[PDB]
Amino acid sequence: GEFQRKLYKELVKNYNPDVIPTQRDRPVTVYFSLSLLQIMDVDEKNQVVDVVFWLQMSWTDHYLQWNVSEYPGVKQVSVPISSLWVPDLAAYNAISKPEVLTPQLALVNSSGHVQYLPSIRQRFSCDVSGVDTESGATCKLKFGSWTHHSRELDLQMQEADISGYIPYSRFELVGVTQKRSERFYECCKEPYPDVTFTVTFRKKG
Amino acid sequence: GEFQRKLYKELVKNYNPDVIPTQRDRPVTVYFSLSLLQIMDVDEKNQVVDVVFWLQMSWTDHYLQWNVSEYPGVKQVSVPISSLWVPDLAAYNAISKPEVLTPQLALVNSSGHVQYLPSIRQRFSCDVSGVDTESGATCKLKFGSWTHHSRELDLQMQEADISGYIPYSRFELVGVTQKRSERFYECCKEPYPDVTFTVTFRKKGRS
Amino acid sequence: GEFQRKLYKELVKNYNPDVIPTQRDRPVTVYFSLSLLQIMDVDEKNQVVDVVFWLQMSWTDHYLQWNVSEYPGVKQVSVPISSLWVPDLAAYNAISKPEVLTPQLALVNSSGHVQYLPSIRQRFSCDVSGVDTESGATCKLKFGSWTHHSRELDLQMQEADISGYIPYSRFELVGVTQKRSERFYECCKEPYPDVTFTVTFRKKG
Amino acid sequence: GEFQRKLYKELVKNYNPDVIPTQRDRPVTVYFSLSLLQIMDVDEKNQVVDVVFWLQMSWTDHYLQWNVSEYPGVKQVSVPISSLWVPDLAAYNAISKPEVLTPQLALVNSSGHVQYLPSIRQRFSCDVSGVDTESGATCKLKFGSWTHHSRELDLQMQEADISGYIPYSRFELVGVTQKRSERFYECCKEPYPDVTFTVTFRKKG
Amino acid sequence: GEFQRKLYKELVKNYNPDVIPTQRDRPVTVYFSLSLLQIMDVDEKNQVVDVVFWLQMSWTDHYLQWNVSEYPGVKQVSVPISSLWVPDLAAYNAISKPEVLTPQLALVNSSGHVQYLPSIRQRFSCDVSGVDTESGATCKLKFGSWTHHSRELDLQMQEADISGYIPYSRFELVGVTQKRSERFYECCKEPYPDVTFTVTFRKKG
Ligand SMILES: CN1[C@@H](CC(=O)c2ccccc2)CCC[C@H]1C[C@H](O)c1ccccc1
Ligand SMILES: CN1[C@@H](CC(=O)c2ccccc2)CCC[C@H]1C[C@H](O)c1ccccc1
Ligand SMILES: CN1[C@@H](CC(=O)c2ccccc2)CCC[C@H]1C[C@H](O)c1ccccc1
Ligand SMILES: CN1[C@@H](CC(=O)c2ccccc2)CCC[C@H]1C[C@H](O)c1ccccc1
Ligand SMILES: CN1[C@@H](CC(=O)c2ccccc2)CCC[C@H]1C[C@H](O)c1ccccc1
Ligand SMILES: O=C1C[C@@H](CCc2ccccc2)CN1
Ligand SMILES: O=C1C[C@@H](CCc2ccccc2)CN1
Ligand SMILES: O=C1C[C@@H](CCc2ccccc2)CN1
Ligand SMILES: O=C1C[C@@H](CCc2ccccc2)CN1
Ligand SMILES: O=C1C[C@@H](CCc2ccccc2)CN1
């Protein structure tokens with residue numbers, strides 16, 4: 001409506017989507033979780049797993065807040081992600097670019113909270129040779145910021161989700177785990193956090 | 001015409017295609033139907049169906065109206081979708097990005113009714129293991145707004161179409177049903193609607 | 001060309017490539033030719049034919065005309081098509097997006113006659129089951145405006161043209177017929193013309 | 001550096017990369033050569049050859065000159081090709097879009113001489129049926145302007161050799177020729193020049 | 001943050017990403033190294049190797065420097081590579097475009113030192129006919145500037161890395177060397193440096 005129209009004019013004014021929305025040297029906290037939907041394929045030769053998954057990501061951008069009293073009815077807006085700052089999360093062991101399956105929009109509410117929930121297909125490097133054993137194969141999907149350390153971008157995970165995994169796949173899901181690590185590199189004194197999702201699966205029968 | 005050109009210059013003036021055209025607390029009603037054109041392939045190993053279908057979407061955008069008496073002769077205009085708000089409808093169970101096959105333009109008439117009618121190829125997760133049986137395989141093509149709840153974007157469904165299904169495919173179309181649902185999610189305050197097209201089909205040569 | 005450079009500055013000024021250049025209730029006539037160059041492949045399982053063809057499309061855009069006396073020497077110019085209104089021609093039974101193989105330019109002369117001549121590869125739905133028989137397979141390649149009716153866009157066809165068919169294909173091009181129809185739809189008062197190119201072909205072996 | 005920065009501000013001023021930089025009725029002479037690097041594959045069923053080649057293209061853009069003593073040290077610059085007018089050269093018998101393998105930058109020196117030297121992968125229509133015979137298969141890769149005739153764009157060849165042909169492929173070169181022609185087409189009163197690279201090759205062994 | 005935002009406004013104002021940041025008598029030194037992460041596939045028929053690798057590239061762009069006291073808290077910023085000058089490094093023997101697997105961002109600090117660390121998947125021409133043998137197959141991945149000679153772009157290599165190579169690939173990484181070379185072409189007075197990465201590998205047994 002007219003109030004959203006006006007809201008967009010205001011927020012866009014000096015907004016720079018290339019600048020991480022830190023304030024007073026405090027990190028932007030980014031919440032992150034992966035829901036595995038489908039294992040599409042495994043390449044036992046080239047050691048690759050092909051997966052479809054749902055990412056849940058959220059963080060606050062203080063430059064995107066407003067008073068609902070100034071914009072009655074407007075509690076949250078749908079925004080193209082290209083028009084706002086987004087975490088530069090990399091899939092560490094991807095061997096293909098992500099194919100984003102869903103509209104590239106984020107949800108923003110009046111306290112500046114952003115929710116971005118893409119469904120994604122992507123291939124990853126993985127030792128899939130256990131895929132026929134009862135042990136099964138174990139694949140790690142590792143994500144983290146490519147250019148921001150812990151003190152700029154504080155990546156945290158939220159509860160994992162398996163309810164969405166399709167039941168009719170030829171791969172059975174035996175276990176999925178999530179953990180947050182902080183790793184140090186010779187380059188820098190600050191750590192870089194990453195969230196790793198560990199999937200254990202096997203062929204049915 | 002010269003009047004159509006004047007009309008673009010006005011309909012552009014304060015229009016933001018990123019903003020859903022709700023008015024006065026009222027949701028935008030979006031009518032939606034799918035017509036199955038062809039089942040291109042089934043992947044029995046990976047559980048995927050590859051379909052070409054024609055979507056009919058229409059809604060009213062009250063910011064896109066004009067008096068015909070001011071712009072005489074202009075009953076309607078064809079507008080690239082990137083110049084107007086369009087519903088962020090997503091295929092919930094798709095495993096590939098949609099490939100839009102037709103010009104990305106929408107028809108808009110003087111009372112702001114918009115019609116966007118793309119043809120699309122896309123692949124969906126589906127249990128196709130029964131494709132070789134008499135009862136066939138059943139696939140749910142489930143669509144809904146990715147970000148807009150019911151009270152902003154009121155998704156309604158209109159009468160389907162089977163008449164466009166190509167007769168020479170190796171897949172016999174045994175039926176297509178469509179239903180609108182609406183649920184609450186634990187995440188959010190407002191309910192969300194979706195329209196699901198259920199397609200049952202089998203290989204003509206299954207025996 | 002200095003005069004050419006001035007002509008571009010001037011022509012752009014009030015030009016809107018989204019506006020069909022009808023004038024005085026008259027439809028824009030669009031001449032449409034298709035020259036089949038090569039049948040790349042047939043998929044007998046999925047019922048698809050993969051073709052390379054040359055489209056010739058011309059029409060007059062009255063907003064693109066100029067006085068040659070004002071721009072001496074400038075009789076025709078070569079212009080990116082993205083800067084011009086172009087007919088929204090759809091391939092009705094295509095199952096892939098068109099791959100345009102040639103520079104995306106159109107010729108425009110001083111009376112505003114545009115010629116756009118892309119070479120295109122594209123896959124179409126087709127019953128190719130008879131391809132190995134003596135009768136061969138028949139594929140219809142159907143095109144028409146997606147959003148403009150007859151009184152706005154008058155699609156006219158030109159000579160059938162088989163001369164570009166490569167002679168070393170494994171497919172023998174029996175013949176190519178063509179027809180224009182004005183189809184009515186329940187939705188609308190006005191008909192929408194389409195041109196259909198019917199291609200009959202068979203394996204040389 | 002600083003002089004180069006100042007040069008850009010001047011050069012960009014009225015520059016239109018959509019406008020062929022002719023002058024005084026005279027064409028823009030464009031030199032062209034092709035050096036074949038590798039035949040990647042042949043498709044005997046669909047009659048296609050997949051090649052990687054090196055184009056050497058050069059021409060004079062008279063709007064891109066400057067006095068070197070006005071910009072001391074600046075004798076040539078690397079410019080993205082999207083900023084420049086470039087010849088609208090097409091591969092007449094390509095069946096795929098060209099895949100440019102190298103940075104899209106052209107060298108431009110102070111008298112307006114432009115060199116653009118892309119390495120390209122591309123598939124062409126070709127009768128490759130004789131590939132396993134002694135005489136081999138002969139493919140013609142034909143290039144020319146898509147929209148400019150002889151009197152606007154004077155395409156000339158320069159000599160090339162086969163030095164860059166990779167020696168460890170499964171194909172050997174039996175013959176290579178490269179020639180410029182000037183033909184009339186049914187459409188136009190003006191001749192259009194082309195350059196054709198004719199390669200004859202066969203499977204080793 | 002507010003100071004990062006003011007920093008972007010300031011830099012953008014005069015920055016030109018098309019100008020190489022040389023100064024009179026000083027080339028831009030560019031540091032370069034390749035870490036092989038995985039050999040995805042070898043094509044023994046067409047002579048291609050498909051590899052995933054991490055490039056580390058750095059250089060100083062004096063135009064990107066700022067005074068830290070004018071921008072307290074801001075020691076470094078993440079910048080989209082498309083906003084800055086980047087070395088035009090080409091893969092000499094690549095037969096496909098690079099597929100960049102990581103966010104296209106570089107780290108820039110207050111001295112104007114730019115670090116760009118992309119993960120890349122790319123296919124190269126290589127004689128892999130020895131891959132099943134004892135001595136294995138040897139591939140040269142050759143990189144260097146496509147258009148800048150030594151006195152403009154001083155390409156230099158740094159310490160290599162094998163640590164990242166995946167231990168579960170079917171290919172056993174035997175040896176890896178890197179060398180910086182300087183080559184003259186008949187065309188040009190000035191030499192063009194390249195860094196070449198030599199990989200020896202074999203199928204596991
Ligand atoms: C990019 N790198 C850190 C920075 C850094 O290393 C670095 C910084 C500056 C100079 C040299 C190296 C930032 C956080 C991500 C990390 C990624 C890891 O390297 C990596 C690279 C390639 C494959 C897997 C993992
Ligand atoms: C996106 N989601 C609702 C929003 C929401 O969940 C949500 C919102 C905010 C926070 C956390 C979750 C809105 C309506 C669509 C629905 C989609 C479905 O989840 C879904 C997820 C993954 C694959 C298929 C379908
Ligand atoms: C799009 N349609 C006409 C418009 C219209 O139908 C229509 C208009 C408004 C409302 C509902 C339907 C315009 C001319 C093209 C025609 C196309 C055909 O439907 C069609 C759709 C999908 C595959 C093949 C053919
Ligand atoms: C494009 N065409 C000429 C232009 C022209 O014909 C033309 C001009 C104006 C109107 C109608 C046709 C210019 C020079 C190249 C020539 C190309 C060849 O036809 C051709 C067509 C299809 C595939 C391969 C080659
Ligand atoms: C582009 N070329 C040099 C310049 C130059 O040759 C050249 C310059 C001017 C005119 C003619 C040729 C610059 C440094 C890179 C070198 C590339 C090599 O040729 C080459 C070409 C094709 C595949 C692999 C390698
Ligand atoms: O804004 C975004 C997009 C989202 C994509 C996740 C991803 C990126 C690259 C490779 C794999 C997955 C992360 N943040
Ligand atoms: O925003 C849009 C895109 C257009 C296409 C419909 C679609 C989207 C996603 C998956 C399948 C189909 C409708 N509205
Ligand atoms: O401006 C244009 C492009 C031309 C393309 C024809 C086409 C469209 C869609 C599918 C296949 C071919 C039509 N008008
Ligand atoms: O500016 C340019 C691009 C270069 C590409 C040549 C080409 C085009 C189309 C198919 C094959 C090769 C020519 N001039
Ligand atoms: O311009 C660039 C791109 C970036 C990546 C290097 C590269 C280019 C082409 C093929 C492989 C790798 C460095 N500089």
Side-chain angles (χ1 to χ4, degrees), chain A residues 101-105 119, chain B residues 30 32 34 53 55 57 81 85-94 96-104 106 116-122 124 141-146, chain C residues 30-35 37-38 52-59 76 81-82 84-94 96-107 109 113-124 141 143-146 158 161 163-164 166, chain D residues 88 90-94 125 142-150 153 183-188 190-194:
Chain A
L101 304 177
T102 42
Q104 316 225 25
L105 301 168
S119 180
Chain B
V30 176
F32 184 74
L34 180 144
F53 53 95
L55 288 188
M57 289 170 277
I81 68 178
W85 180 83
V86 310
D88 60 332
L89 287 198
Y92 286 18
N93 63 308
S96 76
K97 304 176 73 95
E99 184 178 0
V100 180
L101 300 169
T102 45
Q104 298 204 271
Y116 179 45
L117 290 342
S119 178
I120 289 158
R121 182 182 183 177
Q122 190 165 23
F124 293 79
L141 316 176
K142 184 182 173 210
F143 295 85
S145 167
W146 197 243
Chain C
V30 180
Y31 301 93
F32 187 83
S33 177
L34 175 158
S35 300
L37 300 184
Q38 192 169 344
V52 175
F53 55 94
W54 183 34
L55 284 190
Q56 291 171 256
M57 290 170 289
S58 57
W59 64 92
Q76 71 168 355
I81 67 162
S82 52
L84 302 186
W85 178 84
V86 304
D88 60 335
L89 296 189
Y92 282 36
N93 62 308
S96 79
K97 299 175 79 104
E99 185 181 354
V100 180
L101 303 173
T102 43
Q104 306 221 44
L105 304 174
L107 280 166
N109 50 74
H113 194 68
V114 186
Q115 274 154 333
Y116 175 55
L117 317 167
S119 178
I120 293 178
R121 175 169 184 183
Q122 197 168 21
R123 306 190 297 287
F124 293 81
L141 304 180
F143 302 84
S145 166
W146 202 247
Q158 304 201 274
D161 178 14
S163 65
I166 57 130
Chain D
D88 62 332
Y92 291 9
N93 60 314
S125 174
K142 182 181 180 183
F143 303 81
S145 163
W146 194 250
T147 63
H148 294 295
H149 57 70
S150 285
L153 189 164
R183 315 165 197 200
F184 293 100
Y185 291 82
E186 186 71 38
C187 67
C188 327
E190 309 82 10
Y192 287 71
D194 70 81

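Below, all heavy atoms of this structure are taken into account, side chains as well, without hydrogens, waters or symmetry copies. Throughout, protein chains are lettered first and strands after them, A, B, ... in sequence-line order, and every chain is numbered starting at 1. Read the numbers this way: they start at 1 and go in the same order the structure lists the ligands and their atoms.
- For B:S145, the side-chain hydrogen bond (donor to acceptor under 3.5 Å, both in side chains) partners at least two apart in sequence or on another chain are B:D88.
- Applying the 6.0 Å contact sphere to OH of D:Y92 captures more than 12 heavy atoms from other residues, nucleotides or ligands.
- For the atom pair C:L84 CG and C:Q104 CD, the distance stands at 12.0 Å (nearest 0.5 Å).
- Contact annotation for C:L117 and ligand 4: only side-chain heavy atoms (C-beta onward) come within less than 4.0 Å of the ligand.
- Not counting sequence neighbours, the partners of B:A94 by the side-chain contact (heavy atoms from CB on, under 4.5 Å) test are B:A91, B:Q122, B:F124.
- Proximity of D:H149 to ligand 4, defined as any heavy-atom pair under 4.0 Å, is not found for any part of the residue.
- Contact analysis puts D:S145 in contact with ligand 4, with a non-hydrogen atom separation below 4.0 angstrom.
- In this structure, the protein non-hydrogen atom closest to atom 18 (C) of ligand 4 is D:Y185 CE2, 3.8 Å.
- At the top of the distance list for atom 17 (C) of ligand 4, counting protein heavy atoms only, stands D:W146 CZ3, 3.5 Å.
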At less than 3.5 Å, what protein N or O atoms come close to the N or O atoms of ligand 8? Include the distances to 0.1 Å.
residue: ligand 8; atom: 14 (N); partner: C:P87; partner atom: O; Å: 3.0

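- Counting only heavy atoms from C-beta outward, the side chains of C:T102 and C:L117 never approach each other to under 4.5 Å.
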*Going through the distances and angles, do D:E190 and D:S150 end up as a side chain to side chain contact (heavy atoms under 4.5 Å, CB included)?*
CA-CA 7 Å; D:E190 309 82 10; D:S150 285; 6.0 Å; no
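- Taking every heavy atom of D:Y192 and a limit of under 4.0 angstrom, the matching atoms of ligand 4 come to 13 (C), 14 (C).
- At the shortest separation from atom 10 (C) of ligand 4 among protein heavy atoms lies C:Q115 NE2, 3.3 Å.
- Distance CZ/C:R121 to OG/C:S119: 11.0 Å, rounded to 0.5 Å.
- Under the 30°/60° scheme for interplanar angles, the aromatic rings of C:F143 and C:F32 are found to be tilted.
- Here B:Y116 pairs with nothing under the ring-ring contact (aromatic ring centres under 6.0 Å, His included) rule; sequence neighbours left out.
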*Does the side chain to side chain contact (heavy atoms under 4.5 Å, CB included) test come out yes or no for C:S35 and C:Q56, once each step is laid out?*
CA-CA 8 Å; C:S35 300; C:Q56 291 171 256; 4.2 Å; yes
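- Taking atom 23 (C) of ligand 4 as the reference point, the nearest protein heavy-atom neighbour is C:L37 CD1, 3.8 Å.
- Near C:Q56, with a cut-off below 4.0 Å to any heavy atom, the atoms of ligand 4 are 11 (C), 12 (C).
- Going from atom CG of C:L105 over to atom CD1 of C:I81 covers 8.5 Å, rounded to the nearest 0.5 Å.
- Here D:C187 has side-chain heavy atoms under 4.0 Å from ligand 4, and that is the only part of it that gets that close.
- Between the CG atom in C:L107 and the SG atom in D:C187 there is a gap of 8.5 Å [rounded to 0.5 Å].
- Of all protein heavy atoms, the one lying nearest to atom 19 (O) of ligand 4 is C:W54 CH2, 3.5 Å.
- Remark: minimum distance from atom 24 (C) of ligand 4 to any protein heavy atom is reached at D:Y92 O, 3.5 Å.
- Assignment of D:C188 to the shell around ligand 4 is supported, since a heavy atom sits closer than 4.0 Å.
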